[PDB]
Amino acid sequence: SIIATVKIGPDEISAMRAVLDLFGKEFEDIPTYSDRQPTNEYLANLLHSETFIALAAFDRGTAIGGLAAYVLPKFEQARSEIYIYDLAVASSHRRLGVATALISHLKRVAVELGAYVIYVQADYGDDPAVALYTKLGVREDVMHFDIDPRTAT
């Protein structure tokens, strides 16, 4: 199984929307990812950005893999970090090396960008994500806090 990955460009909005739809299905959150999508222009501008990366894998027109990530140019040093925000593999194509291929592609992008590190977070109970990122990287258990900007402090 030789998985082909592709870096989605601003002239490929449809492929981007297909990836978004993939996210909604695999994360079981269709409205968030399918029913509230940005305009063509917004997606074109975001994909044109140097600090956003969208990778994908397709099989016969169907999106089977998707990776959305940000490039964070650091403030303490002239260095960059790659932050994987969302990663999903179609339930129909699991354990075929799709996820591995995306991350390998992202490494190539990271190298040509001069980024020194890639990171990503997994939820507890997300057994496959934990399995993948454990094999590919070093685990650190941390805490996440969501803060409402509209509430008083």
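A residue's number is simply how far along the shown sequence it sits, counting from 1.
> Between 38 to 46 and 94 to 102, name whichever shows the higher mean Cα B factor according to the PDB entry.
According to the entry, 94 to 102 carries the higher average C-alpha B-factor.
> Per the PDB record, is the mean Cα temperature factor higher over 52 to 60 or over 120 to 128?
Stretch with the greater average CA B-factor: 120 to 128.
> Divide the modelled residues of the chain into thirds by Cα B-factor and specify which third, lowest, middle or highest, holds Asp21.
Ranked within chain, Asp21 CA B lands in the lowest tercile.
> Mind checking which third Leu113 falls in for C-alpha B-factor across the chain?
Middle third.
> Please place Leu136 in the lowest, middle or highest third of its chain according to the CA B-factor in the PDB entry.
Middle third - that is where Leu136 ends up once the chain's C-alpha B-factors are sorted.
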